[PDB]
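This document starts with one chain, in the form deposited without the DNA, laid out as structure tokens.
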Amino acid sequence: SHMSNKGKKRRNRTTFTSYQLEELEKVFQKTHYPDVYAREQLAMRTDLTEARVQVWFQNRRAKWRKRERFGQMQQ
């Protein structure tokens, strides 16, 4: 991430929707690592493929890596 993502996407604003981000976050907060079977179960429920489950969790854990400890409302 260094002055990246300059390719302006006209195809769809948000790749995900409200219900998809519900299911994705619920799996993420119970376990930051979904196994091969948990990938498939999450995929059929969210209407996404395993490839889209890869992109979400790898990007999401990247932000999660920076332990900030900024305040009492989620460190």
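Residue positions are given as counts along the sequence shown, with the first one as 1.
Not on display, but discussed next: the form solved in complex with the DNA.
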So, residue 18 and the DNA: in the bound PDB entry, are they within 4.5 Å at any heavy atom pair?
no
If we define contact as a non-hydrogen atom of the residue within 4.5 angstroms of the partner, is residue 45 a contact of the DNA in the bound PDB entry?
no
Interface membership of residue 39, the DNA in the bound PDB entry, 4.5 Å heavy atom rule:
yes
